[PDB]
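Participant: Okay, handing you the structure first.
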Amino acid sequence: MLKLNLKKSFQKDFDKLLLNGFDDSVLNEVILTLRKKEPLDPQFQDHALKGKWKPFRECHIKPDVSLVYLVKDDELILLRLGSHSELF
């Protein structure tokens with residue numbers, strides 16, 4: 001399984017979401033699925049970002065919370081967690 005690499009910005013995002021009532025149950029499920037290099041279920045709308053943001057990927061944990069991540073070598077890197085319009 002990939003090792004987990006939580007970027008400082010992700011940790012801060014995550015703490016902010018929690019403080020505002022975010023339930024991380026599904027997120028933890030998704031992260032495990034990503035670490036196992038398995039495909040996410042349709043609901044998450046997992047895709048690759050384009051342009052300046054290659055090769056990062058995005059999925060929607062909730063309709064209004066996106067996880068931005070990258071698999072590189074033997075790490076799953078978690079970069080950002082939050083609404084798309086807040087992250088970009």
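To be explicit about the labels: the chains of the structure tokens are called A, B, and onward in the order shown, and within each one the residues are counted from 1, while ligands get numbers from 1 in the order they are shown.
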Could you pull out all residues of chain A with a DSSP call of strand (DSSP E) and give them as a ChimeraX atom specification?

Facilitator: /A:3-6,47-48,57-62,65-72,75-82

Participant: Identify, on the basis of only C-alpha atoms, every residue whose closest approach to residue 65 of chain A does not exceed 8 Å; exclude the query and any residue fewer than 5 positions from it along the same chain; express the result as a PDB file with N, CA and C atoms, in the first residue's frame.

Facilitator:
ATOM      1  N   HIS A  60     -14.337  14.536  -5.540  1.00  0.00           N
ATOM      2  CA  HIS A  60     -15.258  15.208  -4.630  1.00  0.00           C
ATOM      3  C   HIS A  60     -15.712  14.266  -3.542  1.00  0.00           C
ATOM      4  N   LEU A  81      -7.817  20.091   0.882  1.00  0.00           N
ATOM      5  CA  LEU A  81      -9.168  19.614   1.132  1.00  0.00           C
ATOM      6  C   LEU A  81     -10.102  20.821   1.262  1.00  0.00           C
ATOM      7  N   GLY A  82     -11.084  20.937   0.373  1.00  0.00           N
ATOM      8  CA  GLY A  82     -12.045  22.018   0.505  1.00  0.00           C
ATOM      9  C   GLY A  82     -12.805  22.260  -0.778  1.00  0.00           C
ATOM     10  N   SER A  83     -13.676  23.261  -0.766  1.00  0.00           N
ATOM     11  CA  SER A  83     -14.449  23.593  -1.958  1.00  0.00           C
ATOM     12  C   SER A  83     -13.524  23.993  -3.104  1.00  0.00           C
ATOM     13  N   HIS A  84     -13.835  23.516  -4.303  1.00  0.00           N
ATOM     14  CA  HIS A  84     -13.048  23.849  -5.481  1.00  0.00           C
ATOM     15  C   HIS A  84     -12.813  25.363  -5.617  1.00  0.00           C
TER      16      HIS A  84
END

Participant: Go through A:26, A:87, A:59, A:67 one by one, measure the shortest atom-to-atom distance of each to residue 42 of chain A using only C-alpha atoms, and give the residue with the smallest value.

Facilitator: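 Closest residue, counting only C-alpha atoms: A:59.
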
Participant: One decimal, in Å: what's the spacing between atom CA of residue 12 of chain A and atom CA of residue 34 of chain A?

Facilitator: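 Those two atoms sit 20.8 Å apart.
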
Participant: In Å, how far is it from atom CA of residue 4 of chain A to atom CA of residue 46 of chain A?

Facilitator: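 Separation between atom CA of residue 4 of chain A and atom CA of residue 46 of chain A: 18.5 Å.
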
Participant: Nearest to residue 32 of chain A among A:54, A:16, A:47, A:3, with distances taken over only C-alpha atoms: which residue is it?

Facilitator: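 Closest to residue 32 of chain A of all the choices is A:3.
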
Participant: Let me make sure I understand: among A:14, A:53, A:22, A:69, which one has the smallest atom-to-atom distance to residue 88 of chain A if we use only C-alpha atoms?

Facilitator: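 Counting only C-alpha atoms, the residue closest to residue 88 of chain A is A:53.
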
Participant: For the atom pair atom CA of residue 1 of chain A and atom CA of residue 45 of chain A, what is the interatomic distance in Å to one decimal place?

Facilitator: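 Atom CA of residue 45 of chain A lies 22.4 Å from atom CA of residue 1 of chain A.
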
Participant: Please identify which residues in chain A DSSP calls helix (DSSP H, G or I) from the backbone, and express them as a ChimeraX atom specification.

Facilitator: /A:8-19,25-35,42-44,51-53,84-87

Participant: Pick out the closest residue to residue 41 of chain A from this set: A:71, A:2, A:61, A:19. Count only C-alpha atoms.

Facilitator: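 Nearest candidate to residue 41 of chain A out of A:71, A:2, A:61, A:19: A:61.
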
Participant: At a cut-off of 8 Å, using only C-alpha atoms, what residues contact residue 7 of chain A? Leave out same-chain residues fewer than 6 positions from it and give the result as a short mmCIF file (atom, residue, chain, number, x, y, z; two decimals) with N, CA and C atoms, in the first residue's frame.

Facilitator:
data_model
loop_
_atom_site.label_atom_id
_atom_site.label_comp_id
_atom_site.auth_asym_id
_atom_site.auth_seq_id
_atom_site.Cartn_x
_atom_site.Cartn_y
_atom_site.Cartn_z
N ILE A 77 0.13 11.55 -1.84
CA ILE A 77 0.28 12.89 -1.28
C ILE A 77 -1.07 13.61 -1.24
N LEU A 78 -1.49 13.99 -0.03
CA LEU A 78 -2.71 14.75 0.13
C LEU A 78 -2.37 16.25 0.22
N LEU A 79 -2.85 17.02 -0.75
CA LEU A 79 -2.45 18.41 -0.90
C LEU A 79 -3.41 19.42 -0.30
N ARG A 80 -4.68 19.29 -0.67
CA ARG A 80 -5.70 20.25 -0.27
C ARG A 80 -7.02 19.54 -0.02
#

Participant: Would you please work out which residue, of A:75, A:55, A:9, A:85, is nearest to residue 35 of chain A when using only C-alpha atoms?

Facilitator: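 Checking each of A:75, A:55, A:9, A:85 against residue 35 of chain A, counting only C-alpha atoms, the winner is A:75.
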